[PDB]
Amino acid sequence: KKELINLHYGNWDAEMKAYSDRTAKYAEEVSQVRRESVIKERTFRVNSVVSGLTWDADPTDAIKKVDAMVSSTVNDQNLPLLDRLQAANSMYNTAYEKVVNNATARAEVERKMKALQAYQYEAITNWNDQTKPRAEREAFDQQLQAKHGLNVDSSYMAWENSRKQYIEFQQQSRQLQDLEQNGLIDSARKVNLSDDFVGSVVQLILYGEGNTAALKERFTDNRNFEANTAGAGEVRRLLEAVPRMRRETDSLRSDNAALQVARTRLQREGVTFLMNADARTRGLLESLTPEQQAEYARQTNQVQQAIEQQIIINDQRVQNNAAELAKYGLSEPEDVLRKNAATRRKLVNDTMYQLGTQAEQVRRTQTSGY
Amino acid sequence: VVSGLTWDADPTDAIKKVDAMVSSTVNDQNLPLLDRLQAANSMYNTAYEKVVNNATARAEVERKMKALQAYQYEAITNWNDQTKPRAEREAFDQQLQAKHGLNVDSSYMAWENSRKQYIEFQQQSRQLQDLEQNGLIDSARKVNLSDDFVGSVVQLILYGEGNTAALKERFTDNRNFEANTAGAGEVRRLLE
Amino acid sequence: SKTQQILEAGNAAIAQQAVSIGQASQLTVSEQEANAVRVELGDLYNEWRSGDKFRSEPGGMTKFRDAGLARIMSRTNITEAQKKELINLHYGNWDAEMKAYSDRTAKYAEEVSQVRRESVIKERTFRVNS
Amino acid sequence: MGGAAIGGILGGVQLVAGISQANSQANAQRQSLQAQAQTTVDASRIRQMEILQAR
Amino acid sequence: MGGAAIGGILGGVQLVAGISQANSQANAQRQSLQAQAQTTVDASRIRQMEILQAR
Amino acid sequence: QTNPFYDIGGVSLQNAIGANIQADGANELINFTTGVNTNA
Amino acid sequence: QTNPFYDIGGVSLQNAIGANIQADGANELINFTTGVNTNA
Amino acid sequence: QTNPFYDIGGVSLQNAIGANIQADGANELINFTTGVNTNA
């Protein structure tokens with residue numbers, strides 16, 4: 001029976017292997033079509049730009065446009081490093097071939113290709129290191145791109161957006177302080193509003209959509225003292241602590257489940273459960289005639305009490321973590337937080353805009369009768 | 001998801017999505033143990049086959065298969081035991097799943113929903129107490145509404161069409177000055 | 001030929017190094033297998049060019065490159081230098097196709113610019129003449 | 001009815017129920033944030049009206 | 001659906017997002033400038049009305 | 001509910017695809033499989 | 001999405017031109033490659 | 001009231017299924033036999 005069922009299950013596994021191969025072909029075709037469309041669009045724009053020059057046209061604008069297009073291609077986050085490097089190679093080679101006769105433009109294109117050479121040398125080494133996390137490797141890759149000046153044009157827009165968001169956050173904090181000073185908002189409400197500010201900012205930085213690394217670097221720069229009391233330190237602490245404590249909470253839940261399973265097995269089977277317990281339960285615990293088996297039950301009572309106490313401590317710590325997470329508003333599941341970031345920030349901004357409008361009305365009506 | 005990786009792509013996101021899908025499959029109550037185990041095995045096998053050339057991904061997938069194998073070894077003994085009731089067997093199976101880190105996302109979502117429900121319960125009880133002394137509701141309507149509210153909570157916990165076991169665990173078992181109020185004690189007694 | 005998947009660090013580094021940036025770069029078992037895979041790559045390129053696959057298929061250039069890389073990387077019994085040479089040949093074919101596409105796009109842009117300039121010049125000349 | 005259509009629609013309704021449950025959580029938080037903002041604005045407006053009367 | 005169809009449409013989604021993401025903030029800046037100009041005009045006309053009533 | 005999915009495997013795959021389309025037009029499916037938000 | 005673009009190269013170029021048209025009717029494309037603003 | 005139900009047995013089963021449909025569109029029947037709520 002065992003060998004027949006094993007044969008049948010292996011046959012099923014082989015057929016599922018074939019099905020997975022077909023699905024792999026489908027998904028590969030889809031991704032390949034997407035990447036080819038993007039590359040062809042970028043290359044067509046570059047080519048039609050570089051081909052518009054006449055017999056005596058100045059190529060400075062064409063070279064600048066090619067550089068901006070290469071900036072867009074290299075900084076594109078949906079493409080792999082190989083495709084981006086190869087597309088940049090094609091664009092730069094076409095630009096060199098078309099404008100080969102102009103000495104100054106040829107020298108500029110050669111300098112750009114040497115910059116691309118050095119960037120390729122460093123990015124190949126940085127990208128293929130398996131001892132480095134994906135997020136930090138991506139951050140270092142963007143840092144290298146900014147170092148060689150490839151993505152300055154593309155990164156400037158996001159940098160300006162992040163600066164505007166930071167200025168808006170500081171203005172909101174100062175506005176809330178002035179709102180307390182005028183008397184429109186009580187002290188209790190300000191705690192909730194500031195917690196909302198910090199939670200919305202952290203949600204945008206962590207679970208938001210798009211390359212929000214610019215705002216993360218903006219808030220991480222503790223050297224800047226501009227409104228450090230506004231809550232920048234709180235935002236940095238939350239950014240450092242939220243993923244770590246979520247992982248800790250998940251591990252504590254797993255440990256609590258292990259302890260509950262161990263206690264249930266100990267109650268149902270007795271001391272015999274300790275004979276063939278798996279390694280993890282043995283580590284957690286570390287951290288004959290019926291008479292001897294009755295002494296074993298007496299010891300089992302104390303073991304169960306200790307297990308229950310450890311469960312209580314772990315549950316209390318998990319409760320504390322979840323409570324002070326929900327204090328800010330980041331206790332929702334990852335998908336829910338991801339879908340509910342931009343709207344939350346927009347609601348915060350609209351609420352503060354209404355508050356500022358009312359405060360402005362009150363202040364404007366403050367006029368002397370003399 | 002697994003096959004969308006490029007020649008030089010990093011499979012961290014793909015492995016996380018595989019983890020989420022296996023969590024959804026194993027936690028699914030509408031499938032038997034054999035179907036869930038077999039589907040999870042096929043998913044892990046495909047993921048391992050498509051990332052064999054990456055050492056870190058291979059090690060991660062191998063460790064997750066070891067965890068799933070331990071879960072299968074325990075759940076074979078758990079599920080086929082005929083001396084236990086269905087509710088106890090399902091509770092022990094959920095504890096086994098949470099022990100090996102399989103149903104992480106679903107368990108976290110259920111716990112968060114139960115926490116929100118309990119906070120709403122406390123806030124509604126406090127609102128009832130405020131209403132009684134505010135003069136809006138007299139004593140008789142107040143006690144009738146309190147009885148109706150407690151009965152509705154108990155009915156939701158018992159006969160609700162969902163995974164309400166988390167709220168039952170929250171009510172019956174408590175850590176510090178939670179579930180120790182008169183209303184929560186009455187809810188525990190009614191549940192029993 | 002298996003589908004594209006994740007490579008080792010060394011193989012991926014070799015594949016990305018073969019992208020020659022700048023105008024400064026252009027039987028035993030291993031030799032026999034390298035010759036066979038080179039012949040296979042040449043036949044694949046000939047089939048793609050003659051069959052009009054670069055235009056009819058939606059993912060032409062990317063699919064050609066991915067197929068070439070799949071044929072090259074599926075052979076684990078090939079020395080690193082031979083793999084570099086094969087990938088260089090494949091990238092040269094890809095660059096030739098890209099150059100042909102560039103010539104076609106350049107012709108299109110030249111035609112558009114010439115038409116516009118001719119229209120303006122003919123307007124002005126007709127006005128002066130009349 | 002039939003033999004396969006019933007199973008197909010049962011599976012489909014299960015999947016739709018799960019997806020709509022996730023979307024329902026998202027929309028519930030949407031409305032919760034809406035209500036919180038509206039309550040804050042209303043309280044501030046009441047405070048402003050009281051200040052104007054005192055003035 | 002299809003193999004090259006859905007891939008084409010989802011590549012087009014990325015392309016159209018990239019193209020229109022430049023115009024989006026330009027339109028937003030236009031809207032903000034118009035809003036601040038209208039606020040300036042409204043405040044100035046309120047002050048003018050006060051001056052006329054006093055005179 | 002389209003022939004390529006039949007070619008990939010089974011008819012129940014068509015059932016799953018139709019279920020996703022009826023749910024959100026395969027928005028979550030496209031987002032989770034490819035990483036592209038069809039309706040941002 | 002026109003035969004000249006197919007003749008220039010691929011079907012992917014047709015997809016790119018269709019994306020440009022769906023975005024702004026190739027306004028940005030014509031401005032970038034040629035320097036003429038169709039919609040001033 | 002469908003040919004498969006006649007194939008299972010009798011015309012009386014067809015009458016029973018018609019009664020189920022006229023009652024709630026076989027909602028209670030589907031829920032009780034299968035455990036899936038068609039109309040949650």
# chains A, B, ... in the order shown; residues from 1 in each chain; ligands from 1
$ residues_around --residues "region 43-59 of chain B" --least-positions-apart "4" --cutoff "10 Å" --atoms "only C-alpha atoms" --output "number ranges by chain"
A: 13, 16-17, 20-21, 24, 130-131; B: 1-3, 5, 8, 10-12, 14-15, 18-19, 21-22, 37-39, 63-65, 68; C: 3-9, 11
$ closest_atom_pairs --of "chain F" --to "chain A" --cutoff "8 Å" --atoms "only C-alpha atoms" --output "CSV"
residue,atom,partner,partner_atom,distance
F:8,CA,A:22,CA,5.6
F:9,CA,A:19,CA,6.5
F:34,CA,A:31,CA,7.6
$ calpha_fit_and_write --fixed "chain G" --moving "chain H" --output "PDB file with C-alpha atoms, in the first residue's frame"
ATOM      1  CA  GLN H   1      -0.657  50.947 -33.345  1.00  0.00           C
ATOM      2  CA  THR H   2      -0.026  51.758 -37.010  1.00  0.00           C
ATOM      3  CA  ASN H   3       1.636  49.798 -39.802  1.00  0.00           C
ATOM      4  CA  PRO H   4       4.623  52.193 -40.253  1.00  0.00           C
ATOM      5  CA  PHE H   5       5.569  51.690 -36.598  1.00  0.00           C
ATOM      6  CA  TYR H   6       5.443  47.928 -37.118  1.00  0.00           C
ATOM      7  CA  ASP H   7       7.704  48.466 -40.133  1.00  0.00           C
ATOM      8  CA  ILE H   8      10.215  50.356 -37.966  1.00  0.00           C
ATOM      9  CA  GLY H   9      10.400  47.435 -35.559  1.00  0.00           C
ATOM     10  CA  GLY H  10       8.430  44.909 -33.537  1.00  0.00           C
ATOM     11  CA  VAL H  11       4.920  44.950 -32.093  1.00  0.00           C
ATOM     12  CA  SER H  12       6.379  46.307 -28.859  1.00  0.00           C
ATOM     13  CA  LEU H  13       6.963  49.648 -30.586  1.00  0.00           C
ATOM     14  CA  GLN H  14       3.269  49.619 -31.490  1.00  0.00           C
ATOM     15  CA  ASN H  15       2.475  49.050 -27.810  1.00  0.00           C
ATOM     16  CA  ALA H  16       4.742  51.960 -26.855  1.00  0.00           C
ATOM     17  CA  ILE H  17       3.069  54.279 -29.370  1.00  0.00           C
ATOM     18  CA  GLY H  18      -0.338  53.170 -28.112  1.00  0.00           C
ATOM     19  CA  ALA H  19       0.772  53.992 -24.574  1.00  0.00           C
ATOM     20  CA  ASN H  20       1.909  57.431 -25.760  1.00  0.00           C
ATOM     21  CA  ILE H  21      -1.457  58.046 -27.441  1.00  0.00           C
ATOM     22  CA  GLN H  22      -3.420  56.850 -24.405  1.00  0.00           C
ATOM     23  CA  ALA H  23      -1.301  59.118 -22.203  1.00  0.00           C
ATOM     24  CA  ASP H  24      -1.444  62.405 -24.101  1.00  0.00           C
ATOM     25  CA  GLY H  25      -1.938  61.629 -27.792  1.00  0.00           C
ATOM     26  CA  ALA H  26       1.852  61.545 -28.289  1.00  0.00           C
ATOM     27  CA  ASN H  27       2.084  65.194 -27.216  1.00  0.00           C
ATOM     28  CA  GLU H  28       5.108  64.644 -24.970  1.00  0.00           C
ATOM     29  CA  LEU H  29       6.657  62.248 -27.492  1.00  0.00           C
ATOM     30  CA  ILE H  30       6.292  64.728 -30.366  1.00  0.00           C
ATOM     31  CA  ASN H  31       7.570  67.620 -28.247  1.00  0.00           C
ATOM     32  CA  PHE H  32      10.569  65.674 -26.947  1.00  0.00           C
ATOM     33  CA  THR H  33      11.621  64.098 -30.256  1.00  0.00           C
ATOM     34  CA  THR H  34      10.822  67.009 -32.598  1.00  0.00           C
ATOM     35  CA  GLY H  35      10.556  70.144 -30.452  1.00  0.00           C
ATOM     36  CA  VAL H  36       7.068  71.168 -31.625  1.00  0.00           C
ATOM     37  CA  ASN H  37       4.231  71.659 -29.132  1.00  0.00           C
ATOM     38  CA  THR H  38       1.084  70.199 -30.692  1.00  0.00           C
ATOM     39  CA  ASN H  39      -1.117  71.532 -27.856  1.00  0.00           C
ATOM     40  CA  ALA H  40       0.386  74.848 -26.749  1.00  0.00           C
TER      41      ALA H  40
END
$ calpha_fit_and_write --fixed "chain E" --moving "chain D" --output "short mmCIF file (atom, residue, chain, number, x, y, z; two decimals) with N, CA, C and O atoms, in the first residue's frame"
data_model
loop_
_atom_site.label_atom_id
_atom_site.label_comp_id
_atom_site.auth_asym_id
_atom_site.auth_seq_id
_atom_site.Cartn_x
_atom_site.Cartn_y
_atom_site.Cartn_z
N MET D 1 -6.90 38.03 -22.89
CA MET D 1 -5.86 37.40 -22.10
C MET D 1 -4.65 37.04 -22.96
O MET D 1 -3.94 37.92 -23.43
N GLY D 2 -4.43 35.75 -23.16
CA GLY D 2 -3.30 35.32 -23.96
C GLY D 2 -1.98 35.48 -23.22
O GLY D 2 -1.93 35.80 -22.03
N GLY D 3 -0.90 35.28 -23.97
CA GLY D 3 0.43 35.34 -23.39
C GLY D 3 1.15 36.65 -23.63
O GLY D 3 1.88 37.13 -22.75
N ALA D 4 0.97 37.23 -24.81
CA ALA D 4 1.64 38.48 -25.16
C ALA D 4 0.80 39.71 -24.84
O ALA D 4 1.35 40.76 -24.51
N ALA D 5 -0.53 39.60 -24.95
CA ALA D 5 -1.39 40.75 -24.71
C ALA D 5 -1.30 41.21 -23.26
O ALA D 5 -1.35 42.42 -22.98
N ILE D 6 -1.19 40.27 -22.32
CA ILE D 6 -1.09 40.64 -20.91
C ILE D 6 0.17 41.46 -20.66
O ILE D 6 0.13 42.51 -20.01
N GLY D 7 1.30 41.00 -21.18
CA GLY D 7 2.53 41.75 -21.03
C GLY D 7 2.47 43.10 -21.72
O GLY D 7 2.96 44.11 -21.19
N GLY D 8 1.86 43.15 -22.90
CA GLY D 8 1.72 44.41 -23.60
C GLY D 8 0.92 45.43 -22.82
O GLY D 8 1.32 46.59 -22.68
N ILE D 9 -0.23 45.00 -22.28
CA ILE D 9 -1.06 45.93 -21.52
C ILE D 9 -0.41 46.31 -20.20
O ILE D 9 -0.58 47.43 -19.72
N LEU D 10 0.36 45.40 -19.59
CA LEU D 10 1.08 45.75 -18.37
C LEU D 10 2.12 46.83 -18.64
O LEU D 10 2.22 47.82 -17.91
N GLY D 11 2.91 46.65 -19.71
CA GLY D 11 3.86 47.69 -20.07
C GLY D 11 3.18 49.01 -20.38
O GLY D 11 3.61 50.07 -19.92
N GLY D 12 2.09 48.95 -21.16
CA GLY D 12 1.38 50.16 -21.50
C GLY D 12 0.83 50.89 -20.29
O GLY D 12 0.91 52.12 -20.21
N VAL D 13 0.27 50.15 -19.33
CA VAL D 13 -0.27 50.79 -18.15
C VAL D 13 0.85 51.37 -17.29
O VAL D 13 0.68 52.43 -16.68
N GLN D 14 2.02 50.72 -17.25
CA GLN D 14 3.16 51.32 -16.55
C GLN D 14 3.55 52.66 -17.16
O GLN D 14 3.72 53.66 -16.44
N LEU D 15 3.68 52.70 -18.49
CA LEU D 15 4.09 53.94 -19.15
C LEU D 15 3.04 55.03 -18.97
O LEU D 15 3.38 56.20 -18.71
N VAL D 16 1.77 54.67 -19.12
CA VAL D 16 0.69 55.63 -18.95
C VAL D 16 0.67 56.15 -17.52
O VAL D 16 0.42 57.33 -17.27
N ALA D 17 0.95 55.27 -16.55
CA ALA D 17 1.00 55.70 -15.15
C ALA D 17 2.10 56.72 -14.94
O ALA D 17 1.89 57.73 -14.26
N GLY D 18 3.28 56.49 -15.51
CA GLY D 18 4.36 57.46 -15.36
C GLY D 18 4.02 58.81 -15.98
O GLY D 18 4.21 59.87 -15.35
N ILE D 19 3.52 58.79 -17.21
CA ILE D 19 3.19 60.04 -17.89
C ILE D 19 2.09 60.79 -17.15
O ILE D 19 2.16 62.01 -16.96
N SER D 20 1.05 60.06 -16.71
CA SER D 20 -0.03 60.69 -15.97
C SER D 20 0.43 61.18 -14.61
O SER D 20 -0.14 62.15 -14.10
N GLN D 21 1.45 60.56 -14.02
CA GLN D 21 2.00 61.06 -12.77
C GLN D 21 2.67 62.41 -12.98
O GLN D 21 2.50 63.35 -12.18
N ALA D 22 3.45 62.54 -14.06
CA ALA D 22 4.04 63.84 -14.38
C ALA D 22 2.96 64.89 -14.63
O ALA D 22 3.02 66.02 -14.10
N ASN D 23 1.95 64.53 -15.42
CA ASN D 23 0.86 65.47 -15.70
C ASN D 23 0.09 65.82 -14.43
O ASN D 23 -0.43 66.93 -14.30
N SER D 24 0.01 64.87 -13.49
CA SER D 24 -0.67 65.13 -12.23
C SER D 24 0.10 66.12 -11.38
O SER D 24 -0.50 66.98 -10.73
N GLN D 25 1.44 66.03 -11.37
CA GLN D 25 2.22 67.06 -10.70
C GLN D 25 1.96 68.43 -11.32
O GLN D 25 1.74 69.42 -10.60
N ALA D 26 1.97 68.50 -12.65
CA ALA D 26 1.73 69.77 -13.32
C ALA D 26 0.36 70.34 -12.95
O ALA D 26 0.24 71.52 -12.58
N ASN D 27 -0.68 69.51 -13.02
CA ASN D 27 -2.03 69.97 -12.71
C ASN D 27 -2.17 70.34 -11.24
O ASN D 27 -2.93 71.26 -10.90
N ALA D 28 -1.47 69.63 -10.36
CA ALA D 28 -1.51 69.98 -8.94
C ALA D 28 -0.95 71.37 -8.71
O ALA D 28 -1.53 72.16 -7.94
N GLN D 29 0.15 71.71 -9.37
CA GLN D 29 0.66 73.08 -9.24
C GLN D 29 -0.31 74.08 -9.86
O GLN D 29 -0.48 75.20 -9.36
N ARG D 30 -0.97 73.70 -10.96
CA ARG D 30 -2.00 74.56 -11.55
C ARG D 30 -3.05 74.93 -10.50
O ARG D 30 -3.34 76.11 -10.29
N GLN D 31 -3.62 73.92 -9.84
CA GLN D 31 -4.67 74.17 -8.86
C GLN D 31 -4.14 74.93 -7.64
O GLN D 31 -4.86 75.75 -7.06
N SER D 32 -2.89 74.66 -7.24
CA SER D 32 -2.32 75.40 -6.12
C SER D 32 -2.23 76.89 -6.43
O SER D 32 -2.59 77.73 -5.60
N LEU D 33 -1.75 77.23 -7.63
CA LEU D 33 -1.68 78.64 -8.02
C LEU D 33 -3.07 79.26 -8.12
O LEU D 33 -3.29 80.40 -7.70
N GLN D 34 -4.04 78.50 -8.67
CA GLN D 34 -5.41 78.99 -8.72
C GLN D 34 -5.93 79.33 -7.33
O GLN D 34 -6.51 80.41 -7.11
N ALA D 35 -5.73 78.42 -6.37
CA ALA D 35 -6.22 78.64 -5.01
C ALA D 35 -5.53 79.83 -4.36
O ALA D 35 -6.18 80.62 -3.65
N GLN D 36 -4.22 79.97 -4.57
CA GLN D 36 -3.51 81.11 -3.99
C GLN D 36 -4.06 82.43 -4.53
O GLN D 36 -4.31 83.37 -3.76
N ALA D 37 -4.27 82.51 -5.84
CA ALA D 37 -4.81 83.73 -6.43
C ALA D 37 -6.21 84.02 -5.90
O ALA D 37 -6.53 85.18 -5.58
N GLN D 38 -7.05 82.99 -5.81
CA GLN D 38 -8.41 83.19 -5.32
C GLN D 38 -8.41 83.68 -3.87
O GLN D 38 -9.19 84.57 -3.51
N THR D 39 -7.53 83.11 -3.04
CA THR D 39 -7.45 83.55 -1.65
C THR D 39 -7.01 85.00 -1.55
O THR D 39 -7.56 85.77 -0.75
N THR D 40 -6.01 85.39 -2.35
CA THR D 40 -5.56 86.78 -2.33
C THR D 40 -6.69 87.73 -2.73
O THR D 40 -6.92 88.76 -2.07
N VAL D 41 -7.42 87.39 -3.79
CA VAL D 41 -8.51 88.24 -4.25
C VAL D 41 -9.60 88.34 -3.19
O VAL D 41 -10.15 89.42 -2.94
N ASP D 42 -9.93 87.22 -2.55
CA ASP D 42 -10.97 87.23 -1.52
C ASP D 42 -10.56 88.11 -0.33
O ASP D 42 -11.37 88.87 0.20
N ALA D 43 -9.30 88.00 0.10
CA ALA D 43 -8.83 88.83 1.20
C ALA D 43 -8.90 90.31 0.85
O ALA D 43 -9.33 91.14 1.66
N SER D 44 -8.49 90.66 -0.37
CA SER D 44 -8.56 92.06 -0.79
C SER D 44 -10.00 92.55 -0.83
O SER D 44 -10.29 93.69 -0.46
N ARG D 45 -10.92 91.70 -1.30
CA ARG D 45 -12.33 92.09 -1.34
C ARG D 45 -12.88 92.33 0.06
O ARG D 45 -13.65 93.27 0.28
N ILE D 46 -12.51 91.48 1.02
CA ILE D 46 -12.94 91.67 2.40
C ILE D 46 -12.41 92.99 2.95
O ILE D 46 -13.12 93.74 3.63
N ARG D 47 -11.13 93.29 2.66
CA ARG D 47 -10.56 94.56 3.10
C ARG D 47 -11.32 95.74 2.50
O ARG D 47 -11.59 96.73 3.19
N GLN D 48 -11.66 95.65 1.21
CA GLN D 48 -12.40 96.72 0.57
C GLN D 48 -13.77 96.91 1.21
O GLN D 48 -14.22 98.05 1.41
N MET D 49 -14.46 95.81 1.52
CA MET D 49 -15.77 95.92 2.16
C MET D 49 -15.66 96.58 3.53
O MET D 49 -16.49 97.43 3.88
N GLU D 50 -14.64 96.21 4.31
CA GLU D 50 -14.45 96.85 5.61
C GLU D 50 -14.18 98.34 5.46
O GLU D 50 -14.71 99.16 6.23
N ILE D 51 -13.36 98.71 4.48
CA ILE D 51 -13.07 100.12 4.24
C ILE D 51 -14.35 100.88 3.88
O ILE D 51 -14.58 101.99 4.36
N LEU D 52 -15.19 100.28 3.03
CA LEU D 52 -16.43 100.93 2.64
C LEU D 52 -17.36 101.12 3.84
O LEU D 52 -18.01 102.17 3.97
N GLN D 53 -17.46 100.11 4.71
CA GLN D 53 -18.29 100.26 5.90
C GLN D 53 -17.79 101.38 6.80
O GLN D 53 -18.58 102.20 7.29
N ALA D 54 -16.47 101.44 7.01
CA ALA D 54 -15.91 102.52 7.82
C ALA D 54 -16.19 103.88 7.20
O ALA D 54 -16.49 104.85 7.90
N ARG D 55 -16.10 103.96 5.87
CA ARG D 55 -16.36 105.22 5.18
C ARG D 55 -17.81 105.65 5.35
O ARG D 55 -18.09 106.84 5.54
#
$ select_by_dssp --residues "chain H" --states "alpha helix (DSSP H)" --output "list in words"
residues 3, 4, 5, 6, 7, 8, 12, 13, 14, 15, 16, 17, 18, 19, 20, 21, 22, 23, 24, 27, 28, 29, 30, 31, 32, 33 and 34 of chain H
$ interface_residues --of "chain C" --to "chain A" --cutoff "10 Å" --atoms "only C-alpha atoms" --output "VMD selection string"
chain C and resid 2 to 5 7 to 23 57 to 63 66 91 94 to 95 98 to 99 101 to 114
$ decode --residues "chain G" --atoms "C-alpha atoms" --output "mmCIF file, in the first residue's frame"
data_model
loop_
_atom_site.group_PDB
_atom_site.id
_atom_site.type_symbol
_atom_site.label_atom_id
_atom_site.label_comp_id
_atom_site.auth_asym_id
_atom_site.auth_seq_id
_atom_site.Cartn_x
_atom_site.Cartn_y
_atom_site.Cartn_z
ATOM 1 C CA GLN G 1 -0.659 50.930 -33.386
ATOM 2 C CA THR G 2 0.029 51.789 -37.029
ATOM 3 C CA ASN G 3 1.708 49.885 -39.851
ATOM 4 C CA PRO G 4 4.713 52.270 -40.241
ATOM 5 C CA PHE G 5 5.629 51.673 -36.593
ATOM 6 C CA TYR G 6 5.400 47.913 -37.130
ATOM 7 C CA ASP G 7 7.683 48.298 -40.151
ATOM 8 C CA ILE G 8 10.162 50.314 -38.068
ATOM 9 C CA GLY G 9 10.425 47.484 -35.558
ATOM 10 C CA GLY G 10 8.478 44.966 -33.499
ATOM 11 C CA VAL G 11 4.949 44.964 -32.103
ATOM 12 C CA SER G 12 6.335 46.312 -28.833
ATOM 13 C CA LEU G 13 6.936 49.653 -30.551
ATOM 14 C CA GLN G 14 3.249 49.634 -31.484
ATOM 15 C CA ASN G 15 2.457 49.051 -27.807
ATOM 16 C CA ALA G 16 4.710 51.965 -26.834
ATOM 17 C CA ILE G 17 3.054 54.290 -29.355
ATOM 18 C CA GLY G 18 -0.367 53.191 -28.127
ATOM 19 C CA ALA G 19 0.717 53.956 -24.569
ATOM 20 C CA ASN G 20 1.889 57.412 -25.670
ATOM 21 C CA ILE G 21 -1.444 58.063 -27.403
ATOM 22 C CA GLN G 22 -3.432 56.858 -24.387
ATOM 23 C CA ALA G 23 -1.310 59.119 -22.178
ATOM 24 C CA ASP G 24 -1.460 62.416 -24.060
ATOM 25 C CA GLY G 25 -1.968 61.655 -27.753
ATOM 26 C CA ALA G 26 1.823 61.510 -28.208
ATOM 27 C CA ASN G 27 2.078 65.173 -27.187
ATOM 28 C CA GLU G 28 5.116 64.637 -24.955
ATOM 29 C CA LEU G 29 6.674 62.281 -27.514
ATOM 30 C CA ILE G 30 6.347 64.770 -30.382
ATOM 31 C CA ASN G 31 7.604 67.584 -28.152
ATOM 32 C CA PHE G 32 10.620 65.548 -27.027
ATOM 33 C CA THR G 33 11.744 64.122 -30.372
ATOM 34 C CA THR G 34 10.819 67.041 -32.656
ATOM 35 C CA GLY G 35 10.514 70.117 -30.431
ATOM 36 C CA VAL G 36 7.049 71.176 -31.643
ATOM 37 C CA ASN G 37 4.199 71.633 -29.158
ATOM 38 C CA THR G 38 1.033 70.215 -30.720
ATOM 39 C CA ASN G 39 -1.147 71.532 -27.861
ATOM 40 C CA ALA G 40 0.369 74.846 -26.769
#
